[PDB]
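For reference, the structure discussed in these notes is given below.
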Protein chains: 2
Amino acid sequence: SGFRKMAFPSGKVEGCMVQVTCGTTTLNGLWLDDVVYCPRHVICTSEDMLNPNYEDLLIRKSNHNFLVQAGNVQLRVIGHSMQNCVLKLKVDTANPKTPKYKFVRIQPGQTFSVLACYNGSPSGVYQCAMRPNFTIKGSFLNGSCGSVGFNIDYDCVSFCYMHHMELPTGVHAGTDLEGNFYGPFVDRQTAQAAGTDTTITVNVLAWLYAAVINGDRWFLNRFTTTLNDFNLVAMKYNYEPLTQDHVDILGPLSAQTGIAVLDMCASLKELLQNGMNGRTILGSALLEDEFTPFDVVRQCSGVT
Amino acid sequence: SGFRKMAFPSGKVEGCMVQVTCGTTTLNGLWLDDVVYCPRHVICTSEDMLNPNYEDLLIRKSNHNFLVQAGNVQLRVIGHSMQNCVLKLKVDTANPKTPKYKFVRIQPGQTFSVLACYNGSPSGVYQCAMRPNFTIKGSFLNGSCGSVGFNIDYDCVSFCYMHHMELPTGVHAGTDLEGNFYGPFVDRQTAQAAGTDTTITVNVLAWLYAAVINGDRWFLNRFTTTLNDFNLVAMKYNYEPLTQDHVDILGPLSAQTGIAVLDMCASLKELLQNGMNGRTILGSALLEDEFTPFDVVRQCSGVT
Ligand SMILES: *CC(=O)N1CCN(S(=O)(=O)c2ccc(C)cc2C)CC1
Ligand SMILES: *CC(=O)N1CCN(S(=O)(=O)c2ccc(C)cc2C)CC1
């Protein structure tokens, strides 16, 4: 029992983190097989970052300008290419600690663990969600760029995020491991405003199931609702519209708890309309939206 | 910027987790050098757990009854002893992945990461605090016993917790790595009620500093208070008394922010007296007490 914001074990990713230095800029790289992945803004001066021409900046760079250090051992760079907003540094040594892995581009609402790193060294691990506005609400200081977001399926690390940007509002933007930004963000120091940070409704419902499973039940009510009725309330409260897909995804939690998804929606509806009245749900005074239905099943069943 | 509930990277502890089976009971062990540490209730039937005589139960056990598996490789047990509420299983092989480590008994209010494991396999990592009532609010299912709590200082893992018990109220009790329980808890299935779960006042203040540092300032007020005045309010709200020790510990955060500790106390006093009025602080609608001043400095400065 008990329910916690839980990150994947980070060991498999710890073994992949290196330091990339180009000129005076040091940040983190991901070493998988004989390639090191890093943010392309490693080639910029902070002067460059106002309106950088990456192709033009990269022409001035050779393999030997990219200083790649794995622990206190230097890797030999034997090639470099830009793919979207990442650099791929070909090194002469396959990472011996390379786990089974995939690159996946996640959808908004999907959760992942971040291994925050500085100078290729892990400092900590936390669980995030890709927000509906394609930001993440991270914890990233200068030198944390190249830190990666990931999921683990048993032995396979799915890398879904690399850290590039802090927006002027202190929220975070970055890329998949093909170096395409989530959302409309660019690796440029410019006016970049996030859209509406809406609540991930399906994640909130999953987390209400997790609460019932773990004994927190005070918010279960006598009511039900319809998808259309619920969605009217969700719109009003800047919650994502709930789809039949979401309902389907919540099926197993429905089945385990014997609470119909639409009943749980009516519980969520009353919470939105009436607030918590100073009560808490799983030690939170607001509606948590960074657990997926999959996250709830995993934690509540003890999958390794 | 941004501030997250952050666990230590778990890799160094991942490398220490094994499966211990005695009779029909499987749980987790910690393999450091040529010793495997596990909860002594591994020798119990759940029938035993009502009033177990561990010395008497252990007499019936031989080295070869303790089945220790590290990945899919069996370790040879060449000795066993009970130290308080843990078993030390001497194996014929030193754990090659043994990190630099210490056993430390932590104080209430101190924070640590848990690597939740099942069958010697890591499932996830989260950050806890040792509550003032010597419980932790964990996420532990059956098979999670032997999961460990730890801190890391650069290269040194300080193990502070091993998981043993869920109390009837779904909070968690366990031992240091010398197998002494935190609080008055016993490895027995009996009436065991937690005391008052008070709020860790110094941790809340640290977290208010973390908020100011990260731009959340709406709760800074025009007031100050005294330790004695503040402590009157803390008593009323089941907050731990604030000592000059706590004030001293908050000094660096005081210095960085230019907000006197006693001013921040008066801010906390108004929050206790007036509530958040539907506002949030670092994405929380209650006063977070599971960041230490040390945790705030570490995260806010990017220590690895
Ligand atoms: C994204 C990231 O973590 N970066 C990019 C900025 N550089 S830097 O070297 O230009 C730099 C900028 C500002 C400060 C205070 C310090 C540094 C090192 C670091 C990596
Ligand atoms: C503390 C812990 O995680 N334990 C102790 C209980 N045992 S068990 O094998 O007795 C057991 C009890 C109940 C269930 C549903 C399942 C098991 C395996 C597991 C380890």
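A note on labels: chains of the structure tokens are A, B, ... as shown, every chain counts residues from 1, and ligands are counted from 1 in their shown order.
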Problem set entry | Interface list for chain A, partner chain B, 9 Å threshold, only C-alpha atoms, as a PyMOL selection string | chain A and resi 1-15+115-119+121-127+137-144+166+170-172+214-215+275+278+280+283-286+298-304
* To do: Throw together the list of residues within 9 Å of ligand 1, counting only C-alpha atoms and all ligand atoms, and drop it here as a list in words.
  => residues 21, 23, 24, 25, 26, 27, 28, 39, 41, 42, 44, 45, 46, 47, 49, 118, 140, 141, 142, 143, 144, 145, 146, 147, 163, 164, 165 and 166 of chain A
| query | Out of stretch 44-195 of chain B, which residues get strand (DSSP E or B) from DSSP, as a VMD selection string? | reply | chain B and resid 66 to 70 73 to 75 77 to 83 86 to 91 100 to 103 111 to 118 121 to 129 136 148 to 153 156 to 166 172 to 175 181
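Relative to atom CA of residue A:54, atom CA of residue A:83 is found at 11.0 Å.
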Report task. Mind giving me the straight-line distance from atom CA of residue A:267 to atom CA of residue A:220 in Å, one decimal? Result ->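 So the two atoms, atom CA of residue A:267 and atom CA of residue A:220, lie 5.6 Å apart.
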Residues near residue A:200, cut-off 6 Å, only C-alpha atoms, skip fewer than 3 positions along chain, as a PyMOL selection string:
chain A and resi 109+203+240+289
Atoms to include: N, CA and C atoms. Write the selected residues as a PDB file, in the first residue's frame.
ATOM      1  N   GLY A 109       0.753  13.999 -22.113  1.00  0.00           N
ATOM      2  CA  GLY A 109       0.094  13.194 -21.064  1.00  0.00           C
ATOM      3  C   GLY A 109       0.942  12.021 -20.607  1.00  0.00           C
ATOM      4  N   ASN A 203      -5.071  10.944 -16.651  1.00  0.00           N
ATOM      5  CA  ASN A 203      -4.065  10.727 -15.580  1.00  0.00           C
ATOM      6  C   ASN A 203      -4.696  11.020 -14.219  1.00  0.00           C
ATOM      7  N   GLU A 240      -8.113  18.396 -20.214  1.00  0.00           N
ATOM      8  CA  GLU A 240      -8.177  17.795 -21.564  1.00  0.00           C
ATOM      9  C   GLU A 240      -9.541  17.118 -21.691  1.00  0.00           C
ATOM     10  N   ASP A 289      -1.897  14.759 -11.958  1.00  0.00           N
ATOM     11  CA  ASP A 289      -2.138  14.393 -13.371  1.00  0.00           C
ATOM     12  C   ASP A 289      -0.860  13.840 -14.023  1.00  0.00           C
TER      13      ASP A 289
END
Subject >> Residue neighbourhood residue A:211, 10 Å, only C-alpha atoms, exclusion window fewer than 2 positions, as a VMD selection string >> reply: chain A and resid 2 to 3 205 to 209 213 to 219 281 to 283 296
Write down as a PyMOL selection string the residues of stretch 150-302 of chain B whose backbone DSSP state falls under helix (DSSP H, G or I). chain B and resi 201-213+227-236+244-249+251-257+261-274+293-301
Margin query: Would you pick out the contacts of residue A:66 at 9 Å or less, using only C-alpha atoms, so that residues sharing its chain but fewer than 4 positions from it are not included, and give the list as JSON, numbers by chain?
Written below: {"A": [20, 21, 22, 23, 43, 61, 62, 77, 80, 89]}
*asked:* Just want the 10 Å neighbourhood of stretch 92-105 of chain B, counted on only C-alpha atoms, with same-chain residues fewer than 2 positions away dropped. Output as a PyMOL selection string.
replied: chain B and resi 11-16+30-36+70+75-79+89-90+107-108+150-161+175-178+180-182
From the list B:189, B:69, B:84, B:135, the nearest residue to ligand 2 using only C-alpha atoms and all ligand atoms is B:189
Self-check item: Computed interatomic separation between atom CA of residue B:246 and atom CA of residue B:293 (Å)
Solution: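 Those two atoms sit 9.1 Å apart.
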- request: Find the residues around residue A:190 up to 8 Å (only C-alpha atoms counted), leave out those fewer than 2 positions away in its own chain, and share them as a list in words.
  value: residues 50, 188 and 192 of chain A
Store the residues picked out above in a file with N, CA and C atoms, as a PDB file, in the first residue's frame.
ATOM      1  N   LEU A  50      21.286  33.820 -29.541  1.00  0.00           N
ATOM      2  CA  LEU A  50      20.254  34.832 -29.890  1.00  0.00           C
ATOM      3  C   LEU A  50      19.662  34.495 -31.264  1.00  0.00           C
ATOM      4  N   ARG A 188      16.840  28.486 -29.553  1.00  0.00           N
ATOM      5  CA  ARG A 188      17.140  29.906 -29.832  1.00  0.00           C
ATOM      6  C   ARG A 188      16.657  30.674 -28.608  1.00  0.00           C
ATOM      7  N   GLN A 192       9.430  32.854 -26.471  1.00  0.00           N
ATOM      8  CA  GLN A 192       8.746  31.552 -26.671  1.00  0.00           C
ATOM      9  C   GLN A 192       7.798  31.326 -25.492  1.00  0.00           C
TER      10      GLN A 192
END
